[PDB]
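Below are the chains, spelled out letter by letter.
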Amino acid sequence: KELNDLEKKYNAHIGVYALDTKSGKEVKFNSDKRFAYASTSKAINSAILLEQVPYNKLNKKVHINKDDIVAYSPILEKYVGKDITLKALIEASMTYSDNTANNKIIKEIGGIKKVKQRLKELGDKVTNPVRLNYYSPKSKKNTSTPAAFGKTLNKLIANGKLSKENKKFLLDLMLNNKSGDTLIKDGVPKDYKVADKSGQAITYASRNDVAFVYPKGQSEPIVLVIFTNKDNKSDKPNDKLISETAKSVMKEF
């Protein structure tokens, strides 16, 4: 389906960027347009942490106090006054999208400043991290573009400096996450393997998914970045748009 028809059918804005990492072929649509990136930021931060911690060191522990807790911390809220491992922090953040867990990761890395440093190093001068679920077309805070984010994903993970173990760990989590079942995973041919990280912001029907798509017998992923929003602040997102976009796109591959 034309991408235009999908914007028409859902009365929404779509931003797409796909890269078949084997051939280098690219599919783009509103690729330099800015959208909230928000919670999809989790995969980036965990990824950064994996660059500095060998797999064999994920069992190191950090203390959790009351001052650590942030809203929507399904897992971490139970750790008050205890020690948790780096590995469990990656897990709570990627599988349960735990807020405290993401915040601990960032600190561990050395703060937002250091993440900002790593981004520039990779060639990303677009993505603007926040020191998350908020979006306003006014600002460039918490935004990236499909092309930019797509370039970062590839450089960070698909072809980054991760170990096989670290890469595997992280990919396993994005593979097994039930919170993306309605997105890119709903859209692609059943033979495909999809490791994704969803996102959303509470304003403008800001709904995204990012993935590493592995076609039938192909070892190299297609990086797919889909960013959607709407015209009203209180608009509600429809997950089918993403499903529908993914399906459309996979066809060019």
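For this deposition, the record names X-ray crystallography as the technique by which the model was determined and cites 2.3 Å as its resolution.

*Asks:* Which residues make up the pattern of salt bridges, and what values do they have?
*Replies:* Following the criterion strictly, the structure yields 14 salt bridges and no others. Ionic pairing is found between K161 and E51, a salt bridge with its closest N-O pair at 3.4 Å. Judged by its relative accessible area of 45%, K161 falls in the partly exposed class. The closest approach of N and O atoms between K78 and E77, which form a salt bridge, is 3.0 Å. When its relative accessible area of 43% is taken as the criterion, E77 is described as partly exposed. Within the structure, one salt-bridge network assembled from shared partners comprises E51, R118, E121 and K161.

*Asks:* Give me the lowdown on the sheet that holds strand β1 (residues 13-20), citing residues and values where you can.
*Replies:* Strand order in the open sheet formed by five strands is β2-β1-β9-β8-β7, and the pairing between neighbours is antiparallel. Looking at which strands have only one partner, the edges of the open sheet turn out to be β2 (26-29) and β7 (193-200). The sheet shows a mean angle of 10 degrees between the axes of neighbouring strands, direction not considered. In terms of strand pairing, β1 meets β2 through four bridges, oriented antiparallel. Across the sheet, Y17 pairs through a bridge with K28, a residue of β2. Lying over the sheet, helix α7 (residues 164-175) contacts β7 and β8 (207-214), oriented at roughly 75 degrees with respect to β7.

*Asks:* I'd love a proper account of the UniProt feature "binding site: substrate" in the protein chain, names of residues and values included.
*Replies:* Following the UniProt record, one finds the feature "binding site: substrate" at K197, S198 and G199. For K197, the position within the fold is in strand β7. The residues contacting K197, other than those within four sequence positions of it, are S39, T40, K42, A43, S93, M94, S97, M174, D209 and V210. Separated by 3.4 Å, the side chains of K197 and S39 make a polar contact. When you line up the elements, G199 lands in strand β7. Accessibility expressed as a relative area gives 2% for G199, which makes it buried.

*Asks:* Any chance you could break down the packing of helix α2 (residues 41-52) against helix α3 (residues 86-96) for me, citing the residues and the numbers?
*Replies:* Angle between the axes and distance between the axes: these two values describe a pair of packed helices. Interhelical geometry of α2 versus α3 gives an angle of 160 degrees and a closest axis separation of 10 Å. Relative to α3, the element α2 is oriented roughly antiparallel. Helix-helix and strand crossings are classified by hand; for α2 and α3 the assignment is left-handed. Touching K42, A43, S46, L49 and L50 of α2 are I90, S93 and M94, all from α3. A breakdown of the residues in the contact of α2 with α3 according to their chemical character gives five nonpolar, two polar and one charged.

*Asks:* Any chance you could break down the pairing of β1 for me, citing the residues and the numbers?
*Replies:* Burial within β1 is extensive, with seven of its eight residues counted as buried. Direction of pairing for β1 relative to strand β9 (residues 222-229): antiparallel, over a ladder of eight bridges. Looking at the pairing, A18 lines up with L224 of β9. In sequence, β1 turns back onto β2 through a hairpin of five residues, with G24 there showing a positive phi of about 85 degrees.

*Asks:* So what about helix α9 (residues 240-250)? Which residues, and what values?
*Replies:* A large share of α9 lies buried, amounting to nine of its eleven residues. Along α9, the residues classified as buried are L241, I242, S243, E244, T245, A246, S248, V249 and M250. Buried residues along α9 sit in contact with α1 (3-10), β1, β2, α8 (184-187), β8 and β9.

Each value, and the rule that gives it
Residues numbered from 1 in each chain as written, not as in the entry; some residues may be left out. Heavy atoms only, no water. Residues with missing side-chain atoms left out of burial classes, pairs and counts. Salt bridge = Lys/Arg side-chain N within 4 Å of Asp/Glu carboxyl O. Buried < 20%, exposed > 50% of the residue type's maximum accessible area, 1.4 Å probe, protein only. Pairing = 2+ DSSP bridges. Helix = DSSP H or I, 4+ residues; strand = E, 2+ residues; numbered from the N terminus. Axes fitted to C-alpha atoms, helices over the stretch in contact; angles between N-to-C directions. Contact = heavy atoms within 4.5 Å. UniProt positions renumbered as here; feature names shortened; annotations may be inferred. Polar contact = N/O pair within 3.5 Å; in protein donor to acceptor, adjacent residues only side chain to side chain. Parallel < 35°, antiparallel > 145°, perpendicular 65-115°, else oblique. Left-handed = near helix turned anticlockwise from the far one by under 90°. Nonpolar A, V, L, I, M, F, W, Y, C, P; charged D, E, K, R; others polar.

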